[PDB]
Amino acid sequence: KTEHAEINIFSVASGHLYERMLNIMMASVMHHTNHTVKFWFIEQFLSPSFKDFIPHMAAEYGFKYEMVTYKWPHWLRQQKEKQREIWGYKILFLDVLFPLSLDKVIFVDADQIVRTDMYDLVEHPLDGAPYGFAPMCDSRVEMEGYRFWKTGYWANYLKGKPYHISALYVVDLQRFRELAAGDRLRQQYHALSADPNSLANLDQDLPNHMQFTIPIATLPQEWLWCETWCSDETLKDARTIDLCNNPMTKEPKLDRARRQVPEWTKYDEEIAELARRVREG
């Protein structure tokens, strides 16, 4: 709030491929809003070339940005696998990554394509919840055998509550801080992670596990569409598209992107055009 941007988004990206998609995600956000936007980056995972290109993206698309470098606390159980350490940075440090003056931030996955004004998510009512996540789609009936949350320990644990996808989430940082949600998420993660088989999908399982005591505002389903779980019929209503992994087809990432999203090549070529403009200038 105050002199802060109207829309504040953070993401995490590790690898040339995810950085290529991260620039596309940012271009898609700016093409769909006239509100002021600030992007926040988890600095230590990015390549030097990406960090050098960010000011060029910022000047071309008209956004502000900030690099955050937060050290994993020594007391807190560390993750030896890089993927799990990155997932830890998405969910365990929401209260310490951002300044106390920032009232709200949205996580948007690097492989997302935005087709809506993200200020609609800033304005979405959370009814006192410190954060809001979209549910996992049930609309693609053919994928029911892969919905692990509909049977076993998740079905018993959830008691009919939705199992939310972690690709996108809005965090009301004032309410998250008001509730000590960060200290409580770190403490439950620290205890649960003593079993190395627990929290298989760290970023996703932790908030879904804590949703009886750290409320989740279940976002409208249209906030997150992924082909793996969501029907073709619902794509026209999708505000954002996530290129989530399909355990049945195992189709490559770039193939999914080009095939599913018609504007993907347009953003990819636009960013490559900007890169060639900076290189020769």
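Numbers follow the displayed sequence, beginning with 1.
Can you tell me whether 65-73 has a higher mean C-alpha B factor than 228-236 in this record, or the other way round? If you average the C-alpha B-factors of 65-73 and of 228-236, the larger mean comes out for 65-73.
Look over 210-218 and 249-257 in the entry and identify the one with the greater average Cα temperature factor. Comparing averages over the C-alpha atoms only gives 249-257.
I'd like to know which of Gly132, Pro196, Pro125, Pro135 has the highest C-alpha temperature factor in the PDB entry. Spelled out: the listed residue with the top C-alpha B-factor is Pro196.
Please work out which residue in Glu81, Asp120, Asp172, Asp109 has the highest C-alpha B-factor recorded for this crystal structure. Going by the entry's C-alpha B-factors, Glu81 comes out highest.
B-factor third for the C-alpha atom of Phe176 within its chain: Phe176: CA B-factor falls in the middle third of its chain.
Ordered by C-alpha B-factor within the chain, which third holds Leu92? Give me lowest, middle or highest, please. Tercile = lowest for this residue's CA B-factor.
Chain thirds of CA B-factor: placement of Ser47: Lowest third.
Just say lowest, middle or highest third for the CA B-factor of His164 relative to the other modelled residues in its chain. For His164, the deposited C-alpha B-factor lands in the lowest third.
Would you please rank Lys104 by its C-alpha temperature factor against the other modelled residues of its chain and give the third it falls in: lowest, middle or highest? It belongs to the lowest third of the chain when residues are ordered by C-alpha B-factor.
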